[PDB]
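Protein chains in written order, with the deposited numbering: chain C, 211 to 696; chain B, 211 to 722, 748 to 796; chain A, 558 to 724, 747 to 784; chain D, 280 to 418; chain F, 558 to 655, 659 to 696; chain G, 1 to 22; chain I, 1 to 15; chain J, 1 to 12. Where is the CB? At the ideal position from N, CA and C, for every residue including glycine. Note sheet for the following structure.
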Ligand SMILES: [Mg+2]
Ligand SMILES: [Mg+2]
Ligand SMILES: [Mg+2]
Ligand SMILES: [Mg+2]
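What follows is the structure, encoded as structure tokens:
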């Protein structure tokens, strides 16, 4: 494993390479400019991004001495032994040569000394603090650390001298995903019909540990497909099958359609099967939704050359049983973006401040795996006019709607997150939610007319045997006031 | 490492110099006065300020014996061995010569004997107490201790005879940061363009090591500035580049733009890119905000000349979609002071007391790295009228608002902390929060006028190509009731139609740069679905609230003096 | 207050132990509406920590004999939210009411806030007091700070003009027009409803 | 088993997991089975016990770290998947989450035929009707 | 009614349980009007709490038989705001209506452990104060 | 010779709940 | 040159 | 070829 296996983060790679290599390859520059280089790095980011992989690559590539310390590995039952273990580790690292010390999962041995209540924890943290930057000082020892949550670390450790700089190994983009796909499909024998650009395009929120999962699932699909047909031959596997094995594009399509980003595994939606042909009528609405959800994704170049950010939100209102939820299902089914579905009051909790925590967690998972369509069914439940309750319910619903307001348009990075709202009582919505930039478009889904009713009838009877002589026009004419549900 | 490598703490430097040298340089003089000198000192302050550096300086300069004790190092596994280690340390220091003990991170071996539940710890604290005072306690040896959490120390240790004097090595001033910069840039090659005075002026919360990091970063930039023109040179780097490197002022500016004080690492906001030209309209509000934030931080001599403190708080209020959060972002990006963006319901917690604890930590961070601006978005979420709910969670909201009241105005040090509030329902804000002294300036952000909507449209189209012949005066003249968000919506619809036309033209060309800018028809067809956001009910509600504030304007005249 | 069990009452006990140790002492409880909050009603699965804290404070304030004199100063904004147990005679007796200043009080406020302030010699502050007829001390402080800010702005403008014409102190005191302009943005801090409820509380007791 | 790794001393639960994994990887290709894993994966964010955090971190390091595993397979079983640390539900730690849910009529018929294979029945007994009448019975 | 957790028939209920446990006892109910207040009809949260408190008092006072030798003592200044449902016969029927000599005796008992001047008479204060009270 | 041992198990926290009054 | 904490602990435990 | 956690704990 070398540095050419960590594709997706070139900037972070070079940022690590600077202090990992330059002070050892060309020490003349630093003595010429006078000041010493940084000797402290903290790699942070969401799980499955390449932190441990980068540490492994550094260990394999650099000629310096390497010392691996797992997080909960130093602590022992004996009183006064954890700190002894840390002392011995650093002494061994420093006694031999200019070394590199990698501390994996460091958030478990640095609980701030103030929120923790134990006694060995304080002593271990203080030992680390004094030993990385105390009298005596390190000598040619550079320390690397990796964690999934940096905020749960002692502030005294996030200072120059101890952890000089924090590298952010974050979620890749289309180019990064393509690089990861090339890296992970360099040792397998692919078919001639597979392209990797489309796979990197349709793959949206994948953190790079999911690309390997996709590749492995495709390979397993090929294996089972070609093993279930040809005989098992338990005594011995014939070689005429191995030399012609291949991996087709259809396998990758199957694996892609049967997987989701690891960050959204908790909020995976049940596989519903609706299509644009299942929803009759609403042709203009279908076009509007298709454009509003596809143009920002497929053609970012146009938006960036025009120097304007796309419109995101949209609300549906109308009488019940007209197709709002049906449109939501069709979008969730055959649109090329991740989907997050929440019921109306589903995010409420009895605890104090927990509802806002839920709404913030969901909007953070939405912003991480962008582009993402967040469907808020029955907004009037979760977002109602503030200060309308004469008898207060603890002052919670107001806080919930305030958290929504700040989460849909506040101090954010302006990522591609579209909010679909659906309600049948628009009058009970907070007017600050209907502002453009939060829910720009307000689409009325009216009752079908004669042609719309005929199209709805044809759509509902797509898969149904009928008489050759049956005419549905009379049914459409007879109603004149029905809805799709009727 | 001598005494000239420490800057910004001259007073503390002298305080420790006297105690360490005079009783160990001219002991006879202390026989003349009659009494014995103090022989114990506790240094405390935020991390990265120079406590360990000062201990190292004392060790290097003073010619007496020096003994070093790291905090956890004393502890051992064998029964009754920690106390043996402490006794051996003190005896070794005492027997040979007059000596200085140094206990680094003393908070680790002084858990107060009241919150701790261990056994070895509670005997090691008592052993330290006995060693520091008692029968045959100490004869001509001085003890220095360093800590970051002086309140986590056993009070018995903070008594005369054991630790008589507490030195506070805290955050430095502008002159202190200038001294630190001069100290850290004395052994490197700088270009003539470098100006350290302005660089220290623009630094607002950096303490000690922070400044050092900046220098390193600047140098690092130079290393990656003059190595793209030259190859890697695996065999050897040529000597024509080793000389004449130089650290330009642009490198320092770049390194300063990509760093923050170590105290605000947890509260780092995503780097939003807005500017004052990005905010259309509100010219007088922009100027008022700029002056009321920049005068205390840039012109403090006049305030002390008049001998009055400045105004601190401000509250924007108005209809949704008028530019409150946009103004906050503009302040975050343009103003030099540190920015702590805190949302409304972020600080609430399910547990008991963590709401107020979170607020106290946020305001402690704000007061540490002053001058700072704290943005409270939707202030009515956490600061609601007190005692309005008959059924509550144990009165947690009322305790939160009381914590806010006491923290923003109480028994504090009156540092430069500017609170900005933004709420579109200012009627629900508890009256105590709106008193002068907490949020004294209530700024109403109304809907734009005819001349302001044109300014907003130009602000939103400042980076967009347009046709040469159109005029944004008609669009402004034809809204007459819109807000900033509505004009943004019009622009977005026009852009969407332009993109649609471009895609269609591309598809037609593939079947067999058509659209380089937005056409007039693209505005004509994009404003057919344009509606006002705020209705007349909310508009008259905000006008009534404004008139309630102006109701204090009655029965006034020219009041000619 | 603390999340853990015991910590809260332990902290009140430590605070009052410190108060007793350095006797005489003056323990200032600011904003009592957070500690001595009313308990009458029902239980909202809070846990009873507020009740325990109030009981600890009540038991720890009544156990002060003549020795170890400890005088506790209370200060609350909303007087209707304070639990009546505190108000019972023998535990916290004296009730001082701080009313809004009158014209003479307002003049005293203005002179007390402008001690270290160079001012125009031909300046009278009686007018400001006569004008503000429902203001509070904070409002007067705001007026004076606004005047100071206008003075600083004028000083900086004069300095900039002097520097520009270059290629000793133009304004040495807050002038007349500065105070005249400062009150253009002088609002009233307390409305009539709060004064009404405070008067009702005062007259009731 | 889930709760049986927890220990009295500080730094012994992690030692127990280390010993278990070392024994599993010490000799041969091995299968490990953590029954009721949700009892030792409290999500590391909603929990205040420091031992819980340390054991979760140790499990993460054992499952996927530098020199992660050498031809060893791990299986877990839980009733509350959503109450698991998201860092554990990643490829390389727990990549394939199999859903062993309620059977249908055919599955219930199979279960009935399996369970009634060793007991002796009467001549006038059928399992198709008995399987069809049952609706919600799982396993 | 300040114990919370349905103090209505929780605090009063446990008070009556402790009273019946230590039989005989005297229950000095201070400010009976403030507790009862003639609940009647209010249609609110405070009205509901007052009704619950009144119901708890009625169900923990009317259930005292000849056993346990209970005795409830109440006191009030304004009897108009007392609940007529509690002043009915069979539950609480007694009505004790409550001078210069009493004022003089109160003044002499209050100045017992006080170094008063020998040349001072308290009869003038007793005669001057007529509608006063021990608190005054 | 004898030996000592350290142990830090857990503690007890307090939560806060919200109610809905009719 | 590479080493892990467990390796070092076991080595020191050997002696 | 089978082991359980408590078995190993008892053994050692
Ligand atoms: Mg890792
Ligand atoms: Mg629906
Ligand atoms: Mg230090
Ligand atoms: Mg806003």
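* **Residue-chain proximity (residue 15 of chain G, chain A), Cβ-Cβ < 8 Å** => Translated into positions along the sixth chain, residue 15 of chain G becomes position 15. Answer yes: the Cβ-Cβ gap between residue 15 of chain G and chain A drops below 8 Å somewhere.
* Per-residue DSSP class, three states only, for residue 631 of chain F -> Walking along the fifth chain from the start, residue 631 of chain F turns up at place 74. Secondary structure of residue 631 of chain F (DSSP, three-state): strand.
* Is the segment 576-589 of chain C touching the segment 456-476 of chain C in the sense that three or more CB pairs, one from each, lie closer than 8 Å? -> Verdict: yes, contact present.
* Closer than 8 Å, CB to CB, is residue 576 of chain C near chain D or not? -> Locating residue 576 of chain C in the first chain gives position 366, counting from the first residue. Contact of residue 576 of chain C with chain D is not assigned, every C-beta pair being separated by 8 Å or more.
* Asked: Does DSSP put residue 229 of chain C in a helix, in a strand, or in coil?
  -> As a working mapping, residue 229 of chain C is identified with position 19 in the first chain. Here residue 229 of chain C sits in helix by DSSP.
* To do: Determine whether the Cβ of residue 561 of chain B lies closer than 8 Å to any Cβ atom of chain A.
  => Indexing the second chain from 1 puts residue 561 of chain B at position 351. It does; some Cβ of chain A falls within 8 Å.
* Among residues of its own chain, excluding the 5 on either side of residue 773 of chain B, which ones have a beta-carbon nearer than 7 Å to its beta-carbon? -> The residue given as residue 773 of chain B occupies position 538 in the second chain. The beta carbon of residue 773 of chain B is closer than 7 Å to those of 529 in its chain, skipping five residues each way along the sequence.
* To do: Could you tell me the boundaries of the alpha helix (DSSP H) in which residue 835 of chain B lies?
  => Any question about residue 835 of chain B goes unanswered here, given that chain B covers just 211 to 796.
* Asked: Within 10 angstroms of its Cβ, does residue 719 of chain A collect 16 or more other Cβ (buried), or is it exposed?
  -> Within the third chain, residue 719 of chain A is the residue found at index 162, counting from 1. Exposed, because fewer than 16 other Cβ atoms sit within 10 Å of the Cβ of residue 719 of chain A.
* Asked: Closer than 8 Å, CB to CB, is residue 361 of chain D near chain G or not?
  -> To locate residue 361 of chain D, count along the fourth chain from 1; it is residue 82. Chain G, which has no Cβ nearer than 8 Å to the Cβ of residue 361 of chain D, makes this no.
* Within-8 Å CB hit, residue 350 of chain D to chain J -> Counting from 1 along the fourth chain, the entry for residue 350 of chain D is found at position 71. It does not; no Cβ of chain J falls within 8 Å.
* C-alpha distance - residue 397 of chain B paired with residue 437 of chain B, whole-angstrom precision -> The residue labelled residue 397 of chain B in the question sits at position 187 within the second chain. The residue labelled residue 437 of chain B in the question sits at position 227 within the second chain. Whole-angstrom Cα-Cα distance: 22 Å.
* May I ask whether a heavy atom of ligand 1 can be found less than 7 Å away from the beta carbon of residue 778 of chain C? => The shown model of chain C, from 211 to 696, leaves out residue 778 of chain C, and the question about it has no answer.
* Candidates C:402, C:288, C:325, C:627: which alpha carbon is nearest residue 294 of chain D's? -> Here residue 294 of chain D is taken as the residue at index 15 of the fourth chain, counted from 1. Answer by Cα proximity: C:288.
* Starting from residue 618 of chain B, find everything on chain A with Cβ-Cβ shorter than 7 Å and list it in chain order. => Residue 618 of chain B sits at position 408 when you count from the first residue of the second chain. Correct list: empty, because the minimum Cβ distance to chain A is about 12 Å.
* To do: Give the straight-line distance between the Cα atoms of residue 249 of chain B and residue 328 of chain D, rounded to the nearest whole angstrom.
  => Counting from one through the second chain, the residue named residue 249 of chain B turns up at place 39. Counting from one through the fourth chain, the residue named residue 328 of chain D turns up at place 49. Their backbone Cα atoms lie some 42 Å apart in a straight line.
* **Interface residues of the segment 370-386 of chain D facing chain C [CB-CB below 7 Å]** => Those would be 370, 371, 374, in chain order.
* Can you give me the Cβ contacts of residue 535 of chain B inside the same chain, cut-off strictly under 8 Å, excluding the 5 residues immediately before and after it? => Within the second chain, numbered from 1, the residue matching residue 535 of chain B stands at position 325. Here the set comprises 587, 632.
* Below 6 Å CB to CB, which residues in the same chain sit around residue 662 of chain B once its five sequence neighbours on both sides are set aside? => What you label residue 662 of chain B is simply residue 452 of the second chain in a count that begins at 1. The residues are 491.
* **8 Å Cβ cutoff, residue 329 of chain C in contact with chain G** => As a working mapping, residue 329 of chain C is identified with position 119 in the first chain. Cβ-Cβ to chain G under 8 Å: yes for residue 329 of chain C.
* With 8 Å set as the bound, which would you pick, yes or no: does the beta-carbon of residue 564 of chain C sit closer than that to a beta-carbon of chain B? -> The residue you call residue 564 of chain C lines up with position 354 of the first chain. In terms of beta-carbon proximity, residue 564 of chain C lines the interface with chain B, with at least one pair separated by less than 8 Å.
* Cβ-based neighbour list, residue 406 of chain B, same chain, cut-off 8 Å, excluding 5 preceding and 5 following -> On the second chain, residue 406 of chain B is found 196 positions in, with the first residue counted as 1. Hits under 8 Å: 388, 391, 392, 395.
* So does residue 347 of chain C have its beta carbon nearer than 7 Å to some heavy atom of ligand 3? -> Here residue 347 of chain C corresponds to residue number 137 of the first chain, with the count starting at 1. Flag unset: Cβ of residue 347 of chain C not near ligand 3.
* Asked: Got a sec: does ligand 2 put a non-hydrogen atom nearer than 7 Å to the Cβ of residue 542 of chain C?
  -> On the first chain, position 332 is the one that residue 542 of chain C refers to. For residue 542 of chain C, the Cβ stays outside the 7 Å cut-off from all heavy atoms of ligand 2.
* Heavy atoms of ligand 1 versus C-beta positions, residues under 7 Å -> Qualifying residues, in the order they occur: C:261, C:262, C:314, C:356, D:343, D:344.
* Decide if the segment 423-441 of chain C is in contact with the segment 222-234 of chain C; the criterion is three or more beta carbon pairs, one per stretch, under 8 Å apart. => The segment 423-441 of chain C, when compared against the segment 222-234 of chain C, does not touch it at the 8 Å Cβ threshold.
* Proximal chain C residues relative to residue 11 of chain G, where beta-carbon distance stays under 7 Å -> Taking the first residue of the sixth chain as 1, we reach residue 11 of chain G at position 11. Result: 327.
* Any heavy atom of ligand 4 within a distance shorter than 7 Å of the CB on residue 724 of chain B? -> Missing from the coordinates is residue 724 of chain B; the shown part of chain B jumps over it, going from 722 to 748.
* **Distance between residue 260 of chain B and residue 621 of chain B (C-alpha atoms, nearest Å)** => Working through the second chain from its first residue, we reach residue 621 of chain B at position 411. Working through the second chain from its first residue, we reach residue 260 of chain B at position 50. One C-alpha to the other measures close to 28 Å.
* **Host beta strand (DSSP E) of residue 10 of chain I (start-end)** => Taking the seventh chain and counting its residues from 1, the one referred to as residue 10 of chain I is at position 10. That residue, residue 10 of chain I, is in no beta strand (DSSP E); its alpha helix (DSSP H) goes 5-14.
* Residues of the segment 276-296 of chain B with a CB closer than 7 Å to any CB of chain G: list them in chain order, please. => Across the segment 276-296 of chain B, CB contacts with chain G closer than 7 Å involve 287, 288, 289, in sequence order along the chain.
* Asked: Between residue 540 of chain B and the rest of its own chain, which residues show a CB-CB distance below 8 Å, the 5 nearest in sequence each way excluded?
  -> Position 330 of the second chain holds residue 540 of chain B. Excluding positions up to five away in sequence, the list reads 484, 485, 486, 488, 489, 496.
* Asked: Since residue 525 of chain C is in the alpha helix (DSSP H), which residue starts that stretch and which ends it?
  -> Here the question's residue 525 of chain C lines up with position 315 in the first chain. Segment 524-527 is the beta strand (DSSP E) holding residue 525 of chain C; no alpha helix (DSSP H) there.
* Counting only beta-carbon atoms, is residue 558 of chain F nearer than 8 Å to chain A? -> Numbered from 1 along the fifth chain, position 1 holds the residue referred to as residue 558 of chain F. Yes, its Cβ sits closer than 8 Å to a Cβ of chain A.
* **Rounded straight-line distance, which links the Cα of residue 424 of chain B to that of residue 558 of chain A** => One-based indexing of the third chain puts residue 558 of chain A at position 1. One-based indexing of the second chain puts residue 424 of chain B at position 214. C-alpha of residue 558 of chain A to C-alpha of residue 424 of chain B: approximately 40 Å in a straight line.
* **Exposure label - residue 701 of chain A; buried when at least 16 CB within 10 Å** => Taking the third chain and counting its residues from 1, one reaches residue 701 of chain A at position 144. Buried: at least 16 other Cβ atoms inside 10 Å.
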